[PDB]
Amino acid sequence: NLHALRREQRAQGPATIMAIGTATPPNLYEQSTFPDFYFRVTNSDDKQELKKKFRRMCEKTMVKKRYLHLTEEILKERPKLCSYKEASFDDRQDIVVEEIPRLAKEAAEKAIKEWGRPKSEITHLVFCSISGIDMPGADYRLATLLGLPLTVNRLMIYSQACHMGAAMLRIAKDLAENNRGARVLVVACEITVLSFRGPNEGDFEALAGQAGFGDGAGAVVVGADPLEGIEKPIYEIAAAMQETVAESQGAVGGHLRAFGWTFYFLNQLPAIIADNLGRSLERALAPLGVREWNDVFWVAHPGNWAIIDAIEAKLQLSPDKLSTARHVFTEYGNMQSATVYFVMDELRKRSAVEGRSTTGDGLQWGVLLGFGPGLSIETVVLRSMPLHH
């Protein structure tokens, strides 16, 4: 009866990524002139020596460009954003509640446009962001701006850190696979309005945060049992798993306070990540009988330049493997949960333009990776799809 009902209602094949869309705020921030903008707007133009320290931090990041919702105009209107740790939460909430769903909507429309199917066929919405907390939430506002059916199943995931991007594919996997016809709109959106703050001579971590984080949103449509001739899977989601690394709460993390968000980290975080991938990758790839780390493709959350270097070095990958992560991080900065969607889009796009056999740079099996506070490690095994040029 309910076993019969079960068989009827569940999907047949594995979850697939059917479309990818991305978007940023319209305001370009060049890293070479960012110290100038940052010290001027934070009324710190009378500490030239701290300004020089910052220029060197900016250069070290390896970031060329980021896109930020914030502008000098908004900062002028809302000066408390420019202080180090003054109560500023209200001004920050005013913005993120409004804009988190607006930026998400751009990335979601693009994903939907590529998918090329009606919004009425979307059954679930899975939406993550650090920011934009209200009731009704950001998911309600996003659903409403898109004109999704009132019967779409919504799930908002607030304030999980950078690995939440990968984690949403783990959730969407179960939603697409367990429900025949389920089409899952997956969105990550991050705007650094809650973490932007002026400088303090004794806070490297907070000033470092001013240098490497950008704004961005990413969206995929996820579904099993693609419609013959209409839905063209880019990747099959083969497996998804999470692992927490014992006694590493201190590696990285953050607090939410009256000043907004602040993030901490150890200098050895690049090593702590790289050194703790072994287990995850073994669980993931040993069933497929993978012999060598260079034998699969890599969609990595970049974290930072040092993190990429550490992972590449530990797994002894050739430069090509993480070059997509390097590219996105260079051109957009670290966009938290959104970053991995930008990286995934780059992999499949370079794969098409450069004439590859598959969406995973000519390779069959790949691993998508996210990592954040925990330390939390998100591993998604992807199967590439043939490219018929």
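Residue numbers run from 1 along the displayed sequence.
Asker: Quick one: higher average CA temperature factor, 104-112 or 296-304?
Answerer: Comparing 296-304 with 104-112, the higher average CA B-factor belongs to 296-304.
Asker: May I ask you to compare 190-198 and 275-283 by their mean CA B factor in the entry and name the higher one?
Answerer: On average, C-alpha B-factors are higher across 275-283.
Asker: Can you tell me which of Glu98, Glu231, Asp203, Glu177 has the highest Cα temperature factor in the record?
Answerer: Among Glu98, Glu231, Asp203, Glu177, the highest C-alpha B-factor in the entry belongs to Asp203.
Asker: Quick one: which of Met57, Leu68, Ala338, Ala352 has the biggest Cα B-factor according to the entry?
Answerer: It is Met57.
Asker: Report the third (lowest, middle or highest) to which the CA temperature factor of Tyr140 belongs, ranking only the modelled residues of the same chain.
Answerer: It belongs to the lowest third of the chain when residues are ordered by C-alpha B-factor.
Asker: Give the position of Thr16 by CA B-factor within its chain, expressed as the lowest, middle or highest third.
Answerer: Bottom third by C-alpha B-factor.
Asker: Split the chain's modelled residues into thirds by Cα B-factor; is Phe342 in the lowest, middle or highest one?
Answerer: Ranked within chain, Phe342 CA B lands in the lowest tercile.
Asker: Against its chain's modelled residues, does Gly260's Cα B factor rank lowest, middle or highest third?
Answerer: For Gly260, whose C-alpha B-factor we compare with every modelled residue in the chain, the answer is the middle third.
Asker: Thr22: which third of its chain by C-alpha temperature factor?
Answerer: Bottom third by C-alpha B-factor.
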